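Given next, in C-alpha cells, is a single chain: the form deposited in one PDB entry.
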C-alpha cells in the first residue's frame, strides 16, 4: 500500500528511542524525511539505518521543556527543508507523581509530558497549514484506565487526548488532520526503567504480560509505529480527531480473561 509520504518532512519528538525510533524508521522506509527532536544524540547504528533508508533524515538536539529550543528547532527545520508535513508528539515519561506528591511535582510532570505537545503544535501548525499536513499525538491507555501513583502522567496523557479532539476541530478547515495513538504495554527503554522501580521486576513484567489479551505479550514499537504512520498518510484522509488503541485488547476486553 503506497502511503504517498515520499519526501514529506515529519518531526518526531523523542524520535530515536522506543516507539518514536520505530516511527522514524518506518517513515524513512516509506521515504518520508523524519526529523528527530530529542535531547540526547541517537546511537550510531540507528542513524546509519535511518540514512540508508532516507539520507535526508536528521537529528536536532532539543530539550522539549525549553520553549525557545522548540521554537528555534522548528525554525531550523523549515530553514533546512523548506516545509513541514507532519508532527509526531511522542516524547514522554511515566514519572510516578501520585496524589501524595504535591503541586510542584505535579506541574513538573505536566512539563515533562503535556506542555511540550502544546508547544510543538503551537510552532508547527502554521507550517502544517501550508502543506495540509498531519499531527499524531502518542498518549497512553492510563488516560482512560488509570494506574495508581501517577496523577501527573495520567493528567498529561488525558489532556493529550482532549487536545487531539480540539486541534482536529481547530484545524479542520485547513485540511490538517489530528489523531492519537494509545499504547498500553510496549517494551522500550522507558518500560525497562519503569519496571526497574519495582521490588521484583522480572516477576512484575511476567505478571503484566500475562494480562495482555492477544498473545499474552507486549505490543512492539513497530506495531505502534505502523498505525501512527498510517495516520500521518493520505490513506487516512478522512480520519481526524480519533484515538486509535494499539494494545492487544488491553483497554477494552474483559478484565477477567486469562
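Residue numbers count along the first chain shown, from 1. Only residues modelled in both forms are compared. We call the rigid core the largest set of C-alpha positions that still match within 1.5 Å between the two forms.
The following text describes the form deposited in another entry, which does not appear among the structures shown.
2 Å-or-more CA mover between the shown form and the other one, where superposition uses the core and the choices are 68, 210, 203, 51: Just 203.
Kindly check if the Cα atom of residue 194 is displaced 2 angstroms or more between the shown form and the other one relative to the superposed rigid core. Moves: yes, 2 Å or greater.
Which segments, of 3 or more consecutive residues, undergo C-alpha shifts of no less than 2 angstroms between the shown form and the other one following superposition on the core? Run with every C-alpha shifted by at least 2 Å: 192 to 205, nothing else.
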